[PDB]
Amino acid sequence: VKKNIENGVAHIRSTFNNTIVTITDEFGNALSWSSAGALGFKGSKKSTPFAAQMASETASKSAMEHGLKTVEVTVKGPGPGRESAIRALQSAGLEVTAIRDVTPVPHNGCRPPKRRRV
Amino acid sequence: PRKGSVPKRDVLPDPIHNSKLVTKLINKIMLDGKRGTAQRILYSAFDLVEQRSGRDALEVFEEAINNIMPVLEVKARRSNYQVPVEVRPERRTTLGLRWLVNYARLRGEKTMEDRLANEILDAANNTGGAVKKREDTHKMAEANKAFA
RNA sequence: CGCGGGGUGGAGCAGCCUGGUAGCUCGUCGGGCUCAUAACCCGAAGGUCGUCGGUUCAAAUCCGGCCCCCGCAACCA
RNA sequence: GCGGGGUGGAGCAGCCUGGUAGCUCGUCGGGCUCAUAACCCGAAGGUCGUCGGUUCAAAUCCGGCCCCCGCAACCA
RNA sequence: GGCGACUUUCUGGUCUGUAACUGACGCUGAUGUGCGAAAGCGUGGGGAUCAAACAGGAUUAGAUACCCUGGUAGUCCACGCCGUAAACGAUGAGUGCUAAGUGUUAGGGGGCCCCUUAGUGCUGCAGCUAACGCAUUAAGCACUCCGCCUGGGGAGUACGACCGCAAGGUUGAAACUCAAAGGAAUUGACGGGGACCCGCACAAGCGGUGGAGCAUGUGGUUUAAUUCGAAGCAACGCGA
RNA sequence: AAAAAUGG
Ligand SMILES: [Mg+2]
Ligand SMILES: [Mg+2]
């Protein structure tokens with residue numbers, strides 16, 4: 001009931017409302033995930049870099065408990081906590097092989113929702 | 001609407017203990033200018049704490065102020081949220097003495113000397129009302145730590 | 001009649017599985033907040049766990065009697 | 001004919017199960033405003049439809065008088 | 001009106017240079033006849049996203065909204081219909097003439113430079129304008145033709161006619177009513193506009209008032225009189 | 001980037 005891997009991928013999705021972090025193998029299988037909502041943060045605090053840092057630290061701790069050593073960062077979203085998540089990943093002891101932002105740039109396809117009037 | 005910061009006053013050391021903090025505590029205790037009443041109350045309280053603790057009055061008082069001095073406070077900024085912010089050393093001393101006297105005045109003892117002595121003893125033991133005030137301040141600062 | 005489940009602060013839910021510790025969301029009180037108001041943050045009081053017994057150093061928790069509520073099922077004076 | 005109801009100014013609880021009149025709005029006083037509204041704090045306001053009965057004690061239980069609501073009023 | 005991935009097929013217009021060719025064949029254009037954003041309508045198809053209506057959730061005194069979660073028509077396609085927009089450069093078309101500076105698109109001629117044709121921008125004389133501004137892409141100077149206006153409201157309404165499946169479109173008054181409606185520009189004042197500054201304005205503090213007895217002024221009420229004045233800040237230990 | 005109406 002133990003997973004032992006050396007290289008992996010940390011997926012960090014940072015939206016203006018919340019930050020989510022997970023670690024998977026090189027073939028996308030989830031081990032543990034952490035989000036500001038699970039950590040406890042509510043409302044405004046979920047967007048703060050601190051919540052992102054905490055979520056990344058928790059996720060990295062679980063990943064290294066499973067035995068991860070080197071990880072590649074996959075960043076999605078324009079949120080502010082991406083850099084804090086990256087720094088937390090670095091400080092957790094995992095080695096960041098490379099970082100890449102895979103935010104899906106839509107071509108002219110679908111019509112976005114109405115602009116807010118508030 | 002303010003040109004700048006004004007010079008700060010400097011009190012003289014305690015005549016017997018030679019401590020600016022003791023002088024400032026006397027000033028805090030003083031009401032209506034009764035400097036003599038403040039001095040006698042403080043000295044009686046120091047004597048009582050010395051008698052009840054067997055340890056130097058200055059040492060125990062310094063321990064008490066160190067225990068009841070905060071490090072962080074929550075100052076509102078703005079869209080408007082309270083943000084934790086470090087406290088200046090002089091704000092530390094001011095708040096420590098202010099809370100010490102304020103919560104001493106609320107104790108159940110009969111005389112102010114007894115109240116102050118018991119409060120400084122409890123603060124030194126880290127279990128006083130001023131200690132509770134500092135603990136609440138620190139935890140709420142931590143609660144708002146994200147906004148820092 | 002048989003089998004299950006439920007009864008816990010002023011309300012709505014955990015904790016029972018596997019013995020210690022009464023937790024969570026609303027509600028009331030005090031404080032921060034603001035031009036007030038709301039929202040938000042921090043301190044308190046609030047049930048001794050349906051009731052009576054029993055085994056244990058120790059019972060909301062384990063075992064019985066009893067009082068109600070719900071689900072399904074049984075019922076040829 | 002049979003049921004149901006009548007409680008501060010309005011609307012609605014309380015009745016079942018006697019000893020306890022609640023909520024929202026409205027009214028009045030103080031506050032906030034340049035003033036009104038909104039809002040905050042505090043207060044007053046119902047002999048429980050009206051007469052009798054049982055009870056130590058009746059909004060409550062029982063019987064009449066009144067008023068309102070609903071249903072019924074069929075076969076030639 | 002509009003047209004933005006790429007490929008192929010069919011097809012319209014425009015610009016530049018010669019001066020073989022026709023030799024005024026031109027301009028405008030009532031009535032006509034066609035195209036014409038979006039929404040909408042009919043038949044059939046399609047349906048991701050978005051999203052009228054609608055349904056919850058919030059906000060609020062209320063909130064048939066703004067915000068949130070969904071969501072049908074529609075948005076898409078073919079063929080018909082509708083024919084309207086702040087369909088705008090709020091500027092009809094054609095022609096010629098009138099200082100300059102500078103960018104850019106497609107060409108052409110002459111030695112990186114000069115000249116030139118047609119567009120597309122910016123700045124700027126004369127002139128024009130109520131002013132704002134326009135200014136070789138005129139809102140200048142002129143000539144031709146067309147459309148249109150004659151104070152505001154009533155009213156793009158009523159009636160009639162034509163058109164449309166419908167929604168509606170086109171055409172289009174009057175009674176009555178007012179002494180104003182308007183344009184540009186100016187000085188203030190104001191803004192839940194901006195910038196920069198002040199003040200116990202806020203912040204950081206300390207001490208009070210609002211509760212009690214009393215002193216005092218005022219309101220009210222009483223009285224024969226309770227003399228008059230002061231009324232938000234700037235009346236109420238005020239004239240006194 | 002919450003809500004804050006009105007005034008012959
Ligand atoms: Mg008022
Ligand atoms: Mg007016």
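Side chains are part of it too, since the values below use all heavy atoms of this structure and drop only hydrogens, waters and symmetry mates. Note on naming: letters A, B, ... go to the chains in the order of the sequence lines (proteins, then strands), and numbering restarts at 1 for each one.
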* To do: Please step through salt bridge (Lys or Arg N to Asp or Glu O under 4.0 Å) for the pair B:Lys139 and B:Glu142, ending with a clear verdict.
  => CA-CA 5 Å; B:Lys139 190 177 71 171; B:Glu142 293 177 2; over 6 Å; no
* Asked: What distance, rounded to whole Å, do you find between the two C1' atoms, one in E:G71 and one in E:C35?
  -> 38 Å
* If we take the P atom in both E:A37 and E:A85, what is their distance in whole Å? -> 14 Å
* What string of B, S and - do you get for nucleotides 51-56 of chain E 5' to 3' if you count protein non-hydrogen atoms under 4.0 Å? -> SS----
* Under a 3.5 Å limit on both distances, do E:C132 and E:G103 form a Watson-Crick or G-U wobble pair? -> no
* Determine if the base of E:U226 is syn or anti; take syn to mean the glycosidic torsion is within 90° of 0. => syn
* Asked: Can D:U54 be described as syn, meaning its chi torsion is within 90° of 0, or is it anti?
  -> anti
* **Partner check E:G121 against E:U102: Watson-Crick or G-U, both under 3.5 Å** => yes
* Provide the distance between the two P atoms, one in E:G80 and one in E:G89, to the nearest whole Å. => 31 Å
* Which value, in whole Å, describes the distance between the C1' atoms of nucleotides F:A2 and E:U59? -> 8 Å
* To do: Return yes when atom CG of B:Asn80 has more than 12 non-hydrogen atoms of other residues, nucleotides or ligands closer than 6.0 Å, and no otherwise.
  => yes
* Any chance you could lay out the salt bridge (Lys or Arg N to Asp or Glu O under 4.0 Å) test for B:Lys20 and B:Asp14, step after step, and finish with the verdict? => CA-CA 6 Å; B:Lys20 305 296 195 63; B:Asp14 177 13; over 6 Å; no
* Are more than 12 heavy atoms from other residues, nucleotides or ligands located less than 6.0 Å from atom NZ of A:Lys76? -> yes
* By the criterion of two distances each under 3.5 Å, are E:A30 and E:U136 a Watson-Crick or G-U wobble pair? -> no
* Structure fact -> If positive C1'-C2'-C3'-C4' means north (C3'-endo side) and negative means south (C2'-endo side), then E:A87 is north
* Which nucleotides of nucleotides 200-209 of chain E have their base under 4.0 Å from a protein heavy atom (B), which only their sugar-phosphate (S), and which neither (-), written as one string 5' to 3'? -> -B--SSS---
* **Neighbour stacking check for D:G8 and D:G9, 5.5 angstrom and 30 degree cut-offs** => no
* Asked: In whole angstrom, what separates B:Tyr103's OH from C:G43's P?
  -> 13 Å
* To do: With P as the reference atom in both, quote the distance from D:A59 to D:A43 in angstrom, rounded to an integer.
  => 26 Å
* Identify the heavy atoms of B:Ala148 and B:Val83 that sit nearest to each other, and give their distance. => CA-CG2, 3.6 Å
* To do: Please indicate whether B:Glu90 has more than 12 foreign heavy atoms, meaning atoms of other residues, nucleotides or ligands, lying under 6.0 Å from its CD.
  => yes
* To do: Answer yes or no: is there an ion pair linking B:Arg55 with B:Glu50, defined by an N-O contact shorter than 4.0 Å?
  => no
Donor-acceptor list for residues 41-56 of chain A side chains, cut-off 3.5 Å, not counting sequence neighbours:
{"residue": "A:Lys45", "atom": "NZ", "partner": "B:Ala143", "partner atom": "O", "Å": "3.2"}
{"residue": "A:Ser47", "atom": "OG", "partner": "A:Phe16", "partner atom": "O", "Å": "2.3"}
{"residue": "A:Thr48", "atom": "OG1", "partner": "A:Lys45", "partner atom": "O", "Å": "2.4"}
{"residue": "A:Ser56", "atom": "OG", "partner": "A:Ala52", "partner atom": "O", "Å": "2.8"}

* **Crowding at CD, B:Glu135 (>12 non-hydrogen neighbours, <6.0 Å)** => yes
* Asked: Are E:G208 and E:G207 stacked, with six-ring centres under 5.5 Å and planes under 30°?
  -> yes
* Asked: CZ of A:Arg116 versus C1' of E:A58: gap in Å, rounded?
  -> 13 Å
* Atom-to-atom span, NZ of B:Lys75 to P of C:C40 - whole angstrom -> 26 Å
* Which whole number of Å gives the distance between the P atom of E:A65 and that of E:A52? -> 11 Å
* Asked: Roughly how many Å is it from NZ in A:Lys42 to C1' in C:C26, rounded to a whole number?
  -> 11 Å
* **Stacked pair E:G160-E:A161 by ring centres under 5.5 Å and planes under 30°** => yes
* B:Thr111-B:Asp114 side chain donor-acceptor pair, cut-off 3.5 Å -> yes
* Asked: Separation of A:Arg117 atom CZ from E:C66 atom P, in whole Å?
  -> 7 Å
* Would you check, one step at a time, whether the test side chain to side chain donor-acceptor pair (under 3.5 Å) holds for A:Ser62 with A:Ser32? => CA-CA 7 Å; A:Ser62 190; A:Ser32 63; 2.8 Å; yes
* **Pair assignment for RNA chain D - dot-bracket with | for other-strand partners, Watson-Crick or G-U under 3.5 Å** => (((((((.[[[[.)....(..]]]].(((((..|||..))))).....[[[[[..)....]]]]])))))).....
* Asked: What is the glycosidic conformation of E:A37: syn, defined as within 90° of 0, or anti?
  -> anti
* Structure fact -> If positive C1'-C2'-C3'-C4' means north (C3'-endo side) and negative means south (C2'-endo side), then D:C48 is south
* **Separation of C:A44 P from B:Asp136 CG (nearest whole Å)** => 7 Å
* Pairing partner (Watson-Crick or G-U wobble, both distances under 3.5 angstrom) of E:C141 -> E:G96
* Asked: Does atom OH of B:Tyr43 have more than 12 heavy-atom neighbours from other groups under 6.0 Å away?
  -> yes
* Let me know the distance between NZ of B:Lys139 and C1' of C:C40, rounded to the nearest Å. => 15 Å
* Would you call B:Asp122 and B:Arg107 a salt bridge, taking side-chain N to carboxylate O under 4.0 Å as the test? -> yes
* Structure fact -> Nucleotide by nucleotide, nucleotides 29-38 of chain C touches protein heavy atoms under 4.0 Å in the pattern (B base, S sugar-phosphate only, - none) ---BSS----
* Quick one: which of C:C41, E:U49, C:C42 gets closest to the side chain of A:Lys45? -> C:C41
* Whole angstrom is fine here: how far is it from OH in B:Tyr81 over to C1' in F:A1? => 13 Å
* Taking atom P in both E:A90 and E:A5, compute the distance separating them and give it to the nearest angstrom. => 30 Å
* Given the cut-offs of 5.5 Å for six-ring centres and 30° for planes, are E:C66 and E:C67 stacked? -> no
* To do: Give the nucleotide from the list C:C42, E:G199, C:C41 with an atom nearest to the side chain of B:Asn144.
  => C:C41
* Asked: Any chance the bases of neighbours E:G192 and E:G193 are stacked, by the 5.5 Å centre and 30° plane criterion?
  -> no
* **Span that lies between the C1' atom of E:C79 and that of E:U150, in whole angstrom** => 49 Å
* Can you check E:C128 for me, syn or anti if syn means within 90° of 0? -> anti
* **Salt bridge flag under 4.0 Å for residues B:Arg40 and B:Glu113** => no
* Structure fact -> Here the side chain to side chain donor-acceptor pair (under 3.5 Å) pairs for residues 11-21 of chain A, sequence neighbours left out, are A:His11-A:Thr24
* No-hydrogen, no-angle side-chain donor-acceptor test under 3.5 Å, B:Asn118 and B:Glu109 -> yes
* Asked: Are E:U43 and E:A78 a pair by Watson-Crick or G-U wobble criteria, both distances short of 3.5 Å?
  -> yes
* Asked: Can B:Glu73 and B:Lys75 be counted as an ion pair, charged N to O under 4.0 angstrom?
  -> yes
* To do: Could you check D:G6 and say if its sugar is north or south from the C1'-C2'-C3'-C4' sign?
  => south
* **Centroid-centroid under 6.0 Å between B:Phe61 and B:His17 rings** => no
* Asked: Should E:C67 be called syn or anti, with syn set as within 90° of 0?
  -> anti
